[PDB]
Structures are given as C-alpha cells and as structure tokens.
Amino acid sequence: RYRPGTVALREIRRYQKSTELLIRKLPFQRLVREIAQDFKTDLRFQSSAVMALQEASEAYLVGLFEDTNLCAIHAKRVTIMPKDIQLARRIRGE
Amino acid sequence: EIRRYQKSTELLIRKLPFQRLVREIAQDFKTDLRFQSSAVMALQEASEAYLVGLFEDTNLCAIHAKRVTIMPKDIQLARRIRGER
Amino acid sequence: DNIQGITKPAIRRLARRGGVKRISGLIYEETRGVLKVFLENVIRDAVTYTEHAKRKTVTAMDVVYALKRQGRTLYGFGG
Amino acid sequence: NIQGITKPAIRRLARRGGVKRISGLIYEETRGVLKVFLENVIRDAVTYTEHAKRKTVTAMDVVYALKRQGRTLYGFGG
Amino acid sequence: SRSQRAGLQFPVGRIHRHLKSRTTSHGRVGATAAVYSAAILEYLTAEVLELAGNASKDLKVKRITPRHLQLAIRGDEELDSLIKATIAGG
Amino acid sequence: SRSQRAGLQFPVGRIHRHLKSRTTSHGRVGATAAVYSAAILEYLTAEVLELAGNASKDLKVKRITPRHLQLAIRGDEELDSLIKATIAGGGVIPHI
Amino acid sequence: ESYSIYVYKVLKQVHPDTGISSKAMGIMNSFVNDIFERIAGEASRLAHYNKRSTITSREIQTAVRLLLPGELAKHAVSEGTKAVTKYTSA
Amino acid sequence: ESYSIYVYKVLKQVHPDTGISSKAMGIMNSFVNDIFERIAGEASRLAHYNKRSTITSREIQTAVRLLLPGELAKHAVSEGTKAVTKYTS
DNA sequence: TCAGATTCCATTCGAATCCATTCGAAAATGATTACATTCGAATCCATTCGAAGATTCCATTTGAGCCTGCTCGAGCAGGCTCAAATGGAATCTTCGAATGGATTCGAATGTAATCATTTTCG
DNA sequence: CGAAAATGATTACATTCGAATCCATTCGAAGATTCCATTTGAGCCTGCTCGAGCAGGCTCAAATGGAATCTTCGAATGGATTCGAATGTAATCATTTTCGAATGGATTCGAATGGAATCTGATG
C-alpha cells in the first residue's frame with residue numbers, strides 16, 4: 001500500500017509533465033453538438049472546430065483550478081471546496 | 001460610518017497631497033511637466049474607484065477565511081486572482 | 001445527459017495538472033456547470049459567425065474569432 | 001508624498017467598500033498598490049503627451065490612458 | 001429628412017459620414033447601415049434616460065444628475081454588463 | 001531589395017502593402033513605417049526563438065515543438081506579460 | 001459637434017416633465033460615443049472577415065448581436081429592422 | 001502567404017543547428033500576425049487622435065512604446081531606429 | 001530489506017523535415033502630380049506662483065472589550081486497491097451534403113453643383 | 001431668442017460590387033468490428049477538517065492639541081492654436097524581373113519495444 005498523498009503527488013508530476021488532452025473526445029463532441037442544437041438546427045462541425053473547442057476548454061479549466069488551489073491555501077486547507085471555485089469566479093468577474 | 005461613505009459621491013482624499021504625489025510620480029518620465037486641473041481630477045476619480053473595488057474584493061477574501069478583519073494576505077490574494085500579481 | 005460524459009477521472013486529471021492535492025466530493029457538479037456556461041458562451045458566438053457567412057458548417061476560424069472576442073486568444077488553429 | 005495619503009482617508013475608502021474592521025498593516029499595502037497603479041497610468045499619459053509634441057498633460061491623455069488600461073471613465077470629455 | 005423618413009430623432013447623414021470616416025481601405029457604406037445605427041443608438045439612449053428619470057422622480061426632484069445615472073445603471077443587470085465605465089460624480 | 005537596404009530578413013514591401021490595407025478612410029503610409037515595423041517583428045521573433053531553442057537544447061532535442069515555445073514564454077516575465085494566448089500543445093510549467 | 005440636441009429630444013419624448021444637468025449631458029455624450037465606436041469597429045471586422053468591401057445593415061445586425069447582451073439585443077434588432085423598413089417603404 | 005521563410009531565416013541566424021516542426025511554425029505565424037495587427041491598430045488610432053492622415057515611424061514608435069512592456073520596448077525602439085537610420089542613409 | 005516506480009541504454013523503422021524545380025504574382029525602377037506636412041509669426045488662453053486665515057481635518061495616548069490564534073480530541077470524508085463491465089479509438093467503406101470557383105447580371109454607391117436647411121455659438 | 005458658415009438633400013450618371021446559376025470536389029456523416037484500456041463500485045483505513053474552550057493581542061472610540069487644506073486675488077508669462085506659403089513625399093502608370101508557393105524526393109530525427117540499474121517508499 002501507499003499512504004494517502006503519495007500517488008496524488010505522482011500524478012501531479014505526471015500530468016504537469018505531459019501535453020496531451022485529458023478529456024475523451026467522443027463525449028466532448030456529443031456535448032458540443034447538444035449545446036449547439038439550441039442555436040441552430042442541422043449544423044455541421046469541422047473536426048478542427050471541435051479540437052479547438054477542446055483545447056480552449058481544457059486550458060480554461062486548468063487555470064480555474066489553479067486559482068481555486070490558491071483560494072484553498074488561503075483558508076489553511078489542502079482540500080478544494082465549491083466555495084473556493086465560487087470565490088475565484090467572483091473575483092474574476094464571471 | 002460604512003453607510004455614511006457608501007451613500008455619498010464625494011472624493012475621500014485631500015486634493016493637495018494627491019496633486020503632490022501625482023507630480024512627483026510624473027517627474028520620473030519627463031522633467032518640466034505641466035498639468036491641467038482636469039487631468040488631476042480625472043486621475044483622482046479613477047484611483048478612488050480602483051481602491052474601492054479592490055477593497056470590496058478584499059472583504060470577500062476576508063469573509064472566505066471566517067474573519068471580519070482584513071489583512072494584507074487578502075489584498076494579495078485578490079490581486080493575484082485579478083491578474084496584477 | 002451528455003455532460004455526465006465528463007467523468008470523475010477526467011476532472012481529477014484536470015485538477016492534478018492544476019496542482020490540486022485533495023478534492024471534495026461536490027467539485028464535479030460545480031465543474032460541469034462552469035464548463036457548460038463557458039461552452040454556451042463560446043458556441044453562441046461561433047454560431048453567430050457562421051450565420052453571418054450564410055454557411056451551414058461551423059469552421060475553426062469561427063471558433064478562433066469567438067474565443068478572441070471573449071478575450072481567450074488561441075494559437076495553433078489558424079490566424 | 002505617499003505619506004500624505006493618510007490613514008483616515010484609507011479608512012474612508014475601506015468603509016465605502018463595506019469593510020468592518022481593518023488591520024494595522026493595511027495602510028502601507030494600500031500605499032504600495034496605489035503607487036503601482038498611478039505609475040502605470042501616468043506612463044501612458046506622458047507617452048500620449050509626447051507624441052503630440054506638448055509640455056502639458058491634458059485630460060484627454062488621461063482618458064485615453066485609462067481606456068487603454070481597461071478602466072474607462074465617463075465625464076471628462078470622454 | 002432621412003431621420004424623419006426613418007422615424008427617428010438621431011441624425012442619419014451625420015452618422016453615415018462618421019461611418020464612412022472609419023472604414024479600412026477604400027470601403028463603402030450603405031444608406032441603411034446608418035438607419036440601423038441611428039435606431040440602435042436612439043433605443044439605448046431612451047432606455048438609459050427612462051431608468052434615470054424614474055430614479056429621479058422617485059427622489060422627488062425635477063432634474064437628472066450623475067448620481068441618478070449611476071443608480072439607474074448599477075440597478076440594471078443588462079446595463080451593468082454593457083456599461084462598465086466609471087461615472088464621474090455618481 | 002528594401003529589406004537588404006535596411007538590413008533585415010522580414011519583407012518591407014509586403015508589410016507596407018498590408019499596412020496600406022489596414023488604414024481607416026483614405027490613409028497613406030510612409031516607406032519608413034514599414035522598415036520600423038519589420039525591425040520590430042524580426043526582433044520579437046528572434047527573442048522568442050532564442051529562448052525556445054535554449055529550452056530545446058536543455059532536453060537534448062534537435063527540433064522545436066510547441067512545448068518548448070510554452071516553456072520559453074512562461075519562463076520569461078516580459079514574454080509572459082506580452083503573450084497571453086493559449087498554445088495548442090504546450091502544457092503547463094511543473095510546479096508543486 | 002455633440003449629441004445634446006438629440007439626447008434632449010429623446011428625453012422630452014420619454015419624460016416630458018424632467019430636465020437634465022450639464023454633467024449628466026456630458027456623461028450621456030460619452031456613452032453614445034463609446035457604443036458607436038464599438039459597433040463601428042466590430043462591423044468593419046465582420047466585413048473584412050468575409051472578403052467584402054461594403055458595410056450594410058447585415059454587418060450592423062451581426063455586430064449588435066455580438067456586442068449587446070440578450071433581451072437587450074432583441075429589442076434593439078427589432079427597432080433597427082422597423083426603422084429600416086419604414087425608411088425603405090417611403 | 002505566410003511568414004515561414006523569414007522565421008526560418010531568423011532561426012538559422014540565432015540557432016544554426018536546430019530545426020522546427022510544423023505545429024510550432026503555425027504557432028509562430030499566429031504570434032507574428034497577432035502582434036502586427038495590434039501595432040497597426042494602435043498606429044491608426046494615434047494618427048486619428050492628432051487629426052492626421054499619414055502613418056509614419058513616429059506613430060509606430062509611439063505604438064511600440066504603448067504596447068510593449070519594460071525593456072522589451074526599449075530594445076525594440078533601439079532596433080527600429082537603427083533599421084530606419086541604416087535604410088535612409 | 002523488499003516490492004514498485006523511474007530513468008537510461010540498444011535497435012529498427014516510418015513519420016517528418018530539409019532540399020531541389022516551375023511559375024504566376026508581386027516588388028523595384030522611373031517620372032509626375034498633387035496632397036499633406038512643416039516652418040515662421042501673432043494673438044491669446046490657461047498654468048504656476050505668492051499671500052492669508054478660520055477652520056477643519058489629522059495625530060497621539062489610554063483603555064476596555066472584542067476578536068483572532070492555539071491546543072485537543074472526535075469523527076468523517078477522501079484516498080488507495082481490486083475485480084468486473086463498458087465504451088472509446090481506430091481503421092476502412094460508402095454515401096450524401098455543401099463549399100468554393102466562374103460567368104453573367106442586375107443593384108447600388110460615390111462624385112459634381114446647387115440649394116435649403118440646420119446646428120452651433122453670441 | 002437670432003445669424004450665419006457648414007452640410008445634408010436632390011438629379012444624374014459610371015462603374016464597381018455584390019447576386020444567381022451551375023459544376024465539380026472535398027469533406028463530413030453514418031455503419032461496422034473488434035481488442036483492450038478506461039471507468040465503476042465497493043471496501044478498508046487513515047489523516048484532515050471542524051468545533052469548543054482558553055489565552056493573548058490589538059482595534060475602535062474619545063479627548064485634546066495642532067497643523068495644513070481650501071478658497072479667493074492677482075499679475076506674469078509661456079505655450080498651445082491659427083494663418084499662410086513652401087517644400088517633401090506618397091500614390092499612380094508601365095515594364096521587367098525576382099521571389100515565394102506548391103510540388104516531389106532523400107535522409108533522419110523522433111517513437112515504440114526490451115531489458116537493466118538505481119531511487120524511492122514503507123513496514124519491520
């Protein structure tokens with residue numbers, strides 16, 4: 001066995017060392033098409049459009065999690081909670 | 001006193017010290033500079049607005065940590081999330 | 001229910017790349033909500049761009065222009 | 001000249017922001033952040049002044065500098 | 001005039017000239033772009049002025065001041081999103 | 001050519017033509033505005049590429065990839081301030 | 001030149017009993033100029049993206065859709081379309 | 001049209017033994033286009049502020065000083081001034 | 001001290017970069033205008049500088065009470081491990097929809113003179 | 001409330017420019033078939049968060065000095081702003097040539113696999 005926090009740091013190093021995408025592509029494409037159904041019916045997407053959307057969204061989420069970790073450390077914790085997400089998004093004017 | 005200064009529209013800083021500080025800061029970019037009074041008034045309005053908004057964010061940060069007193073760490077967190085630090 | 005295809009492991013990986021050591025149990029629904037809002041904004045702008053050009057296909061340049069409009073410029077897909 | 005911005009003035013600005021209590025080390029931090037902001041804006045104002053071959057800083061230069069900074073202001077000719 | 005033909009108070013010829021003086025290269029401007037722009041500007045002006053006047057009347061006064069404008073803008077979510085400027089004197 | 005007179009690698013005539021294409025109303029563009037702009041673009045390109053090449057040499061790799069561009073940009077304060085865009089395939093800076 | 005004449009006309013239309021000061025009038029002029037510059041720039045970009053040369057009411061409509069928040073863009077679009085139709089019919 | 005030729009010339013000037021991929025080339029193209037569009041817009045606005053029609057190297061210098069941070073602006077101004085002086089000689 | 005994880009040294013190869021050829025596209029050369037910028041004067045505003053004074057903000061000390069930080073135990077929620085189920089990727093195959101380029105061609109914008117307002121300043 | 005220098009509005013072309021039809025090609029969508037890697041519960045345990053009671057710190061308020069901001073007055077001057085004239089130079093035709101973009105082809109540098117040696121972590 002490993003103590004709680006060992007594998008966590010291992011994966012932190014692993015995913016801060018790589019450059020790949022961390023979300024599966026078929027679910028994201030389905031979600032994108034379902035969202036776009038509300039604006040116009042019978043739309044077609046280039047593969048490059050969905051790839052661009054995935055890159056942008058992953059970058060957004062990683063930056064948000066960095067701000068959330070800062071908020072968590074401010075309150076003397078290591079666990080991130082929804083209140084940290086809300087505070088970070090509020091200071092960002094979102 | 002919070003209600004007194006939140007319900008007014010005046011300027012909360014004295015004009016002469018702000019004018020002196022503005023001229024001293026500006027002398028690092030060009031010597032023998034002149035100013036309109038409107039330029040200093042605009043600078044004062046903008047700076048007071050900036051400080052009030054930053055203090056609102058700082059109060060949010062103070063409440064996040066279960067306090068009512070604001071500390072420099074709250075200013076630092078607010079400015080880092082804003083993008084200034 | 002296509003937002004439940006953004007699974008727990010995927011969000012955990014996205015949090016690990018952000019340096020997050022421990023995670024609550026209520027973080028995943030919050031993340032799904034914020035992702036939905038962001039995607040709605042960007043896709044709305046992109047579809048406006050395709051509609052102006054009298055097209056039926058959403059291209060990568062519409063996405064790039066929309067992102068630049070939101071203030072989230074992206075390099076590597078044109079421009 | 002940064003000490004001419006007194007602690008009662010900082011207290012008033014904090015009260016207008018909804019702040020109930022203040023630490024004693026907040027005034028120096030406030031002076032530092034105000035100095036940084038003022039330098040950032042005045043740099044651009046003097047750049048605009050020098051392009052026009054003038055020796056006087058006008059309100060339009062400040063308005064343009066703020067608009068560049070992302071801090072648009074209404075009521076000074078722009 | 002063109003404004004009376006469209007049924008507006010804002011000027012169509014002046015806005016057309018201003019639009020022409022802002023197109024890149026040798027660009028042209030249609031005569032209905034000016035009508036659309038004048039309609040949009042008049043609509044937004046009327047919305048802001050209506051909210052500000054309601055605020056002023058609720059204060060039992062006869063004029064509009066920058067404080068009334070700030071109260072009107074900050075109390076509306078749409079006008080808050082659109083207008084992020086600092087109002088001098090508000 | 002004009003670029004050889006100025007002593008540059010970037011094109012002065014093409015940049016002049018683009019500048020003329022991006023002027024509001026009836027706008028003229030001088031011949032030295034293009035020289036200045038080409039010099040600025042070449043300088044910024046050289047700075048970014050030098051940092052990225054140093055990063056590439058650090059990991060014993062001959063070629064430059066978007067990872068090296070990201071590492072170069074995020075490790076420099078001025079480049080980080082100037083370039084706020086997202087780089088497709090750059091990852092993040094490892095920092096626990 | 002300014003927009004004081006037309007702002008005053010619109011104010012008399014919406015609040016016939018209410019006046020306006022001069023600082024508020026200056027703030028309103030700044031607001032009108034801000035909105036006009038935003039719309040004009042976005043319309044020019046839209047025309048350039050499509051390799052077109054003329055700015056038309058379609059560019060203005062798309063700019064209004066992209067710049068204004070929802071439920072504020074719908075009424076603006078309606079007012080602009082009505083103005084253009086009334087202008088063309090006469 | 002692209003900038004690949006001149007970017008590769010600059011690269012072979014700086015690092016004469018390292019190459020570049022095609023994704024990195026696309027990213028470099030996007031970077032150059034982004035900065036060029038920013039400078040052009042700023043110069044046009046500066047020309048309009050003073051009620052002038054021609055865009056000169058003074059507008060470019062002011063735009064560079066307004067858009068670039070810190071020592072980047074100083075070194076860029078030096079390089080552009082040197083280029084213009086060598087050209088006009 | 002032992003089981004996992006991490007990094008490094010060998011081998012081959014196939015995905016990718018760098019080099020070599022033809023070419024329409026565009027840049028440089030050479031007069032010619034006009035068009036825009038620059039260089040003197042001449043008012044003429046608008047900033048700095050000085051002086052004064054009651055007042056109205058600011059400064060310092062004390063002290064009490066309120067707030068924050070610290071110790072400690074309890075519990076609870078998150079992490080790690082493992083076995084089973086599922087669904088993504090990937091590699092073709094076919095087709096069915098839709099860009100994008102040409103060729104007319106009909107719609108509409110800008111320029112030229114003369115008013116007839118009209119907005120801006122007393 | 002009045003006057004008058006800008007400046008839209010009208011009539012009339014000239015000619016770009018933006019639309020309507022057609023033809024091909026990309027390319028995007030819909031089926032199909034696996035291995036297998038990723039996800040999903042479930043259990044067990046541990047360390048992390050949280051609440052309560054103390055203990056120490058330190059903020060707000062009040063009173064008394066005291067000090068420096070704010071408004072008015074007025075010269076003095078300097079520095080923006082307008083008016084002509086005189087150049088400086090950028091844009092426009094007309095050729096001619098060179099260069100950069102697309103197409104092919106020869107290395108060759110990144111990319112699996114396959115062990116091997118440490119490095120690290122955890123319980124004894």
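What's counted below: heavy atoms across the whole structure, side chains too, no hydrogens, waters or symmetry copies. In what follows, every chain begins at residue 1, and chains take the letters A, B, ... in the order their sequences are listed.
Separation of atoms CD1 (C:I23) and CE (A:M81) is listed at 11.5 Å; rounding is to 0.5 Å. Atoms OG and CE, from H:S4 and H:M28 in turn, are 10.5 Å apart once rounded to the nearest 0.5 Å. To the nearest 0.5 angstrom, A:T6 atom OG1 is 11.5 Å from A:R1 atom CZ.
Within 4.0 Å of B:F18, counting heavy atoms only, lies no atom of the nucleic acid at all. Residue contacts for A:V78: at a heavy-atom cut-off of 4.0 Å it reaches the sugar-phosphate backbone alone, with no base atom in range. F:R67 comes within 4.0 angstrom of no nucleic acid atom, judged by non-hydrogen atoms across all strands. When heavy atoms are screened at a 4.0 angstrom cut-off, A:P27 is found touching the sugar-phosphate backbone but no base atom. Residue-level contact check: H:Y8 touches the backbone only, with heavy atoms under 4.0 Å from sugar-phosphate atoms and none from bases. B:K66 comes within contact range of no nucleotide atom at all, as no heavy-atom separation falls under 4.0 Å. Backbone-only engagement by A:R24 is indicated by non-hydrogen atom pairs under 4.0 Å involving sugar-phosphate atoms exclusively. Nucleic acid contact for F:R5: none, since no nucleic acid atom lies under 4.0 Å from a heavy atom of the residue. Residue contacts shown for H:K12 are absent, as no nucleic acid heavy atom lies under 4.0 Å away. H:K23 comes within 4.0 angstrom of no nucleic acid atom, judged by non-hydrogen atoms across all strands. Using a 4.0 Å heavy-atom cutoff across all strands shown, A:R13 reaches no nucleic acid atom at all. No contact: G:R58 has no heavy atom under 4.0 Å from any strand.
If you find the closest nucleotide of DNA chain J to F:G30 and to F:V61, the one lying nearer the 5' end belongs to F:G30. The nearest heavy atom of DNA chain I to G:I5 and to B:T69 marks one nucleotide each, and the one closer to the 5' end goes with B:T69. Looking at which nucleotide of DNA chain I each of D:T56 and E:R14 is closest to, the 5′-most match is held by D:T56. Ranked by how close their nearest DNA chain J nucleotide is to the 5' end, C:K54 and A:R44 are led by C:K54.
Evaluation of the side-chain contact (heavy atoms from CB on, under 4.5 Å) rule for D:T6 yields D:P8, D:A9 as partners, not counting sequence neighbours. By the ring-ring contact (aromatic ring centres under 6.0 Å, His included) test, G:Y49 pairs with C:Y65, sequence neighbours left out. A search for side chain to side chain donor-acceptor pair (under 3.5 Å) contacts involving G:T56 returns G:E59, not counting sequence neighbours. Legend: residues meeting side-chain contact (heavy atoms from CB on, under 4.5 Å) with F:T65, ordered by chain and number and at least two apart, are F:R67, F:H68, H:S21. In this structure, the side-chain contact (heavy atoms from CB on, under 4.5 Å) partners of D:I2, at least two apart in sequence or on a different chain, are B:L21, D:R31, D:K35. In terms of the side-chain contact (heavy atoms from CB on, under 4.5 Å) criterion, A:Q37 has no residue partners (sequence neighbours excluded). With sequence neighbours excluded, the residues forming a salt bridge (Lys or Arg N to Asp or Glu O under 4.0 Å) with F:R17 are H:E1, listed by chain and number.
Across every strand in view, J:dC1 sits in a pair with I:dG122 that passes the Watson-Crick or G-U test at under 3.5 angstrom. J:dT71: Watson-Crick or G-U partner is I:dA52, with both key distances under 3.5 Å. Across the strands present, I:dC2 finds its partner in J:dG121; the criterion is a Watson-Crick or G-U wobble pair with both atom distances under 3.5 angstrom.
On the nucleic acid side, DNA chain I has its first and last nucleotide under 4.0 Å of a heavy atom of chain C at I:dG78 to I:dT99, going 5' to 3'.
In summary, F:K62 and H:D17 do not engage in a salt bridge, as defined by a charged side-chain N under 4.0 Å from a carboxylate O.
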Subject >> Pair F:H16-F:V29, side chain to side chain contact (heavy atoms under 4.5 Å, CB included): steps then yes or no >> reply: CA-CA 7 Å; F:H16 189 359; F:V29 173; 3.7 Å; yes

**OP:** Please report the C-alpha distance between B:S8 and B:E10 in whole Å, then the side-chain angles of each, then the deciding distance to 0.1 Å, and finally whether the side-chain hydrogen bond (donor to acceptor under 3.5 Å, both in side chains) criterion is met.
**Re:** CA-CA 6 Å; B:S8 88; B:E10 55 214 348; 3.2 Å; yes

**OP:** Please report the C-alpha distance between H:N29 and H:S2 in whole Å, then the side-chain angles of each, then the deciding distance to 0.1 Å, and finally whether the side-chain hydrogen bond (donor to acceptor under 3.5 Å, both in side chains) criterion is met.
**Re:** CA-CA 7 Å; H:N29 261 253; H:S2 42; 4.7 Å; no

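Computed from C1' positions of five pairs at each end, the angle between the two local axes of the helix from I:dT55-J:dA68 to I:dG87-J:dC36 equals 130°, rounded to 10 degrees. The terminal axes of the helix from I:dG24-J:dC99 to I:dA42-J:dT81, fitted over 5 pairs per end, subtend an angle of 80° to the nearest 10°.
For B:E24, the CD atom is densely surrounded, since the number of other residues' heavy atoms within 6.0 Å is greater than 12. Heavy atoms of other residues, nucleotides or ligands lying less than 6.0 angstrom from NE2 of H:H48 number 12 at most. Atom NZ of H:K23 is surrounded by 12 or fewer heavy atoms from other residues, nucleotides or ligands within 6.0 Å.
Taking atom P in both I:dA26 and I:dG101, the straight-line distance is 16 Å, to the nearest Å.
Across residues 4-13 of chain D, D:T6, D:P8, D:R12 each have a non-hydrogen atom less than 4.0 Å from an atom of DNA chain I (numbered order). A heavy-atom distance below 4.0 Å to DNA chain I is reached by these residues of residues 1-10 of chain A, ordered by number: A:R1, A:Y2, A:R3, A:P4, A:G5, A:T6, A:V7, A:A8, A:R10.
Remark: the B:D74 side chain and the B:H64 side chain contain no N/O donor-acceptor pair separated by less than 3.5 Å.
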